[PDB]
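Working notes, structure below.
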Number of protein chains: 2
Amino acid sequence: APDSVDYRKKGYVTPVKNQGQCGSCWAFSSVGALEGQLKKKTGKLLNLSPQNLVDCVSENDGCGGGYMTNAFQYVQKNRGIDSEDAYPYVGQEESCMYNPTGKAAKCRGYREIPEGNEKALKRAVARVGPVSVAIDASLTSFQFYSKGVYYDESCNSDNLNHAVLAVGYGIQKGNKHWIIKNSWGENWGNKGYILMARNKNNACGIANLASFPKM
Amino acid sequence: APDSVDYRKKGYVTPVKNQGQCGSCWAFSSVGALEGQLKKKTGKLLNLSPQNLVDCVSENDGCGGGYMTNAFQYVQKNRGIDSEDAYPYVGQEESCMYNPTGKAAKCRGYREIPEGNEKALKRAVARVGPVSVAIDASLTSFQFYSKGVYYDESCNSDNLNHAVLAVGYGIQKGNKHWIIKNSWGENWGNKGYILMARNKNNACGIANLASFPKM
Ligand SMILES: *C(=C)CNC(=O)[C@H](CC(C)C)N[C@@H](c1ccc(-c2ccc(S(C)(=O)=O)cc2)cc1)C(F)(F)F
Ligand SMILES: *C(=C)CNC(=O)[C@H](CC(C)C)N[C@@H](c1ccc(-c2ccc(S(C)(=O)=O)cc2)cc1)C(F)(F)F
Ligand SMILES: [Ca+2]
Ligand SMILES: [Cl-]
Ligand SMILES: [Cl-]
């Protein structure tokens, strides 16, 4: 695979969003990955609806949390997901108001990356586009991350608690990284982004629960 | 729906198992629901493999716990689940060893019972067959149950932690119940079974995360 990949340069990534007070990271991560595959397959970049997933993926717990795999499975079973424009983000779980008329993307399944394999995750990002990942974002250092290749000895590879999107990889000042899009608004981190350490023993559990949707 | 039903009498329930020191209750629960539908579809009762689920259902956590819907989705995506004889129970998680030659049943999706709805669980047990259900099995009273209709007010319907199989319902001396098959061996409770309070405000959360497979 190439030495560096950055899908923001290819126009596969929408602006950084802000989940606000809802534990909907899983929904933003899932929509990011679907947006990337829709740009790859059609040429068009569009914002899809995280609210649609928050209110309608009965396997997840809405603002209480959830997994990206369950979201891809709902879009597949549902035969579609709405655009953000047809089903806006409000930040609170409400009843399911899916509108078929506004469906803007579909899902034919998902693929998972081999557990804990960052070489396999690198190949996937290069071959597919953005991939949904889970990580330990619990440490205070992550929360107050600012710039640089994030790395902290404390990170627990098996306390996965947040969902984000890997949109590329590379190296900065000698340190290999993953380019991660968060859902904490543009004021967090590096304009909403964080470079997390790569090939540093699966730092933060970045390659433990990575998946992407099929289209 | 009839007043009373018991699938044990119709030949739809296999013998009681023992999960051992592995938190695979979800797998036993999932396979029990699949066994019931297989019997109804083919007229044959046989043991399906919970181990195939523990080892292969990547959405769950093996012996660490899981959900039943993930299990039915795996059998759907994989085009099959193996018999017990083709994939025996070992009680520890191991790598996937699914064998297509040993396939004993298929699944075309699942249906979830609406949350907290005992009347809907009741209808499903009557017209579909055994249903997988989740409950709070954390109290000492549940652990030590021997006979009668189990009812306890400190059972927290918001603390679901164990998965079992609703194989019927009825009434015992004016107490309506649910006939439940557990995965704690043939000595726990009443030969492996517990009668749990029915129509008593969703006791133990019996109707909070119930579902069954389509075949
Ligand atoms: C995002 C801001 C919050 N983090 C998560 O949602 C996180 C993401 C993972 C690690 C990719 N997942 C959390 C989580 C919380 C609740 C649930 C959940 C799923 C189903 C049900 S149910 C079947 O009873 O309706 C209840 C709760 C799953 C995942 C985490 F706790 F971190 F695991
Ligand atoms: C049975 C003896 C143990 N109980 C359960 O498995 C229980 C059953 C429900 C209430 C029907 N579910 C537990 C559970 C524990 C862990 C997980 C889980 C799923 C996926 C992952 S992952 C995505 O990181 O691979 C981690 C953990 C699900 C369910 C319970 F905690 F009770 F919810
Ligand atoms: Ca699922
Ligand atoms: Cl590399
Ligand atoms: Cl009744």
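In the structure tokens, the first chain shown is A, the next is B, and so on; residue numbers restart at 1 for each chain, and ligands run from 1 in the order shown.
When chain B is least-squares superimposed on chain A using all C-alpha positions, the deviation that remains is 0.3 Å RMSD.
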Would you mind listing what lies within 6 Å of residue B:169 as a list in words, with only C-alpha atoms counted and same-chain residues fewer than 5 positions away left out?
residues 4, 5, 177, 178 and 179 of chain B
Provide the atom 12 (N, counted along the ligand's line) of ligand 2 to atom CA of residue B:130 distance in Å, to one decimal place.
19.1 Å
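When only C-alpha atoms are used to measure the gap to chain A, the shortest distance among B:200, B:127, B:77, B:39 belongs to B:77.
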Closest atom pairs, residues of chain B within 10 Å of ligand 3, only C-alpha atoms and all ligand atoms, as a Markdown table:
| residue | atom | partner | partner_atom_place_in_ligand_line | distance |
| --- | --- | --- | --- | --- |
| B:57 | CA | ligand 3 | 1 (Ca) | 9.6 |
| B:58 | CA | ligand 3 | 1 (Ca) | 9.6 |
| B:59 | CA | ligand 3 | 1 (Ca) | 6.4 |
| B:60 | CA | ligand 3 | 1 (Ca) | 8.6 |
| B:67 | CA | ligand 3 | 1 (Ca) | 8.2 |
| B:68 | CA | ligand 3 | 1 (Ca) | 8.8 |
| B:69 | CA | ligand 3 | 1 (Ca) | 6.1 |
| B:70 | CA | ligand 3 | 1 (Ca) | 4.2 |
| B:71 | CA | ligand 3 | 1 (Ca) | 7.8 |
| B:72 | CA | ligand 3 | 1 (Ca) | 8.6 |
| B:73 | CA | ligand 3 | 1 (Ca) | 6.4 |
| B:74 | CA | ligand 3 | 1 (Ca) | 8.2 |
Output file for the residues above (N, CA and C atoms, as a tab-separated table (two decimals), in the first residue's frame):
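Below is the file that was written, out.tsv:
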chain	number	residue	atom	x	y	z
B	57	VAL	N	-19.03	-15.54	16.21
B	57	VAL	CA	-19.81	-14.29	16.21
B	57	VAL	C	-18.97	-13.10	16.68
B	58	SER	N	-18.22	-12.52	15.65
B	58	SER	CA	-17.30	-11.43	15.92
B	58	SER	C	-17.93	-10.18	16.51
B	59	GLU	N	-19.29	-10.04	16.40
B	59	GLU	CA	-19.95	-8.88	17.05
B	59	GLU	C	-20.08	-9.03	18.53
B	60	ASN	N	-19.99	-10.31	19.01
B	60	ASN	CA	-20.07	-10.55	20.45
B	60	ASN	C	-18.69	-10.73	21.00
B	67	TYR	N	-24.96	-10.72	22.59
B	67	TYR	CA	-26.38	-10.62	22.40
B	67	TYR	C	-26.91	-11.61	21.39
B	68	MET	N	-28.12	-11.94	21.56
B	68	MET	CA	-28.73	-12.87	20.67
B	68	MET	C	-29.00	-12.38	19.24
B	69	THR	N	-29.34	-11.10	19.07
B	69	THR	CA	-29.54	-10.66	17.72
B	69	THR	C	-28.28	-10.82	16.91
B	70	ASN	N	-27.12	-10.53	17.48
B	70	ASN	CA	-25.88	-10.69	16.75
B	70	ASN	C	-25.74	-12.10	16.29
B	71	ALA	N	-26.17	-13.00	17.15
B	71	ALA	CA	-26.07	-14.37	16.73
B	71	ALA	C	-26.90	-14.75	15.58
B	72	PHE	N	-28.20	-14.35	15.56
B	72	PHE	CA	-29.01	-14.66	14.40
B	72	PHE	C	-28.46	-13.97	13.18
B	73	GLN	N	-27.83	-12.78	13.30
B	73	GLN	CA	-27.32	-12.09	12.11
B	73	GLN	C	-26.15	-12.84	11.59
B	74	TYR	N	-25.30	-13.40	12.49
B	74	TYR	CA	-24.18	-14.18	11.98
B	74	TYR	C	-24.70	-15.41	11.18
Within 8 Å of residue B:207, counting only C-alpha atoms, which residues show up once you throw out same-chain ones fewer than 5 positions away? Write them as an MDAnalysis selection string, please.
chainID B and resid 113:118 121 133:134 202
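Between chain B and the candidates A:112, A:158, A:3, A:152, the tightest atom-to-atom separation, counting only C-alpha atoms, involves A:112.
Comparing the minimum interatomic distances between ligand 2 and each of A:26, A:193, A:7, A:12, counting only C-alpha atoms and all ligand atoms, we find that A:26 sits nearest.
Where the distance criterion is 9 Å and the atoms used are only C-alpha atoms and all ligand atoms, the residues close to ligand 4 are residues 1, 2, 3, 4, 118, 119, 122, 170, 176, 198 and 199 of chain A.
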Write a file of the just-selected residues containing N, CA and C atoms, as a short mmCIF file (atom, residue, chain, number, x, y, z; two decimals), in the first residue's frame.
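File written: result_3.cif
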data_model
loop_
_atom_site.label_atom_id
_atom_site.label_comp_id
_atom_site.auth_asym_id
_atom_site.auth_seq_id
_atom_site.Cartn_x
_atom_site.Cartn_y
_atom_site.Cartn_z
N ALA A 1 0.89 -1.19 0.00
CA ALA A 1 0.00 0.00 0.00
C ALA A 1 0.92 1.22 0.00
N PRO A 2 0.47 2.43 -0.35
CA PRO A 2 1.40 3.54 -0.32
C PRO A 2 1.98 3.81 1.06
N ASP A 3 3.00 4.69 1.12
CA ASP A 3 3.56 4.97 2.45
C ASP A 3 2.63 5.90 3.27
N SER A 4 1.86 6.75 2.59
CA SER A 4 0.94 7.68 3.20
C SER A 4 -0.33 7.78 2.36
N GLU A 118 -2.71 -3.89 12.70
CA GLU A 118 -2.60 -2.58 12.07
C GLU A 118 -2.10 -2.63 10.61
N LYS A 119 -1.37 -3.69 10.22
CA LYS A 119 -0.95 -3.83 8.82
C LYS A 119 -2.19 -4.02 7.99
N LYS A 122 -4.04 -0.80 7.77
CA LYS A 122 -3.42 0.12 6.82
C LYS A 122 -3.86 -0.21 5.37
N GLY A 170 0.15 8.00 7.87
CA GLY A 170 1.34 8.70 7.38
C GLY A 170 2.39 8.75 8.45
N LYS A 176 5.02 7.50 12.89
CA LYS A 176 3.96 6.96 12.06
C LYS A 176 2.62 7.23 12.79
N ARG A 198 0.81 4.97 15.21
CA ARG A 198 0.68 3.79 14.39
C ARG A 198 1.87 2.86 14.49
N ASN A 199 1.61 1.54 14.57
CA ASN A 199 2.58 0.46 14.69
C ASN A 199 3.33 0.57 16.01
#
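Distances from B:123, B:147, B:173, B:79 to residue B:215 were compared using only C-alpha atoms, and the smallest one belongs to B:79.
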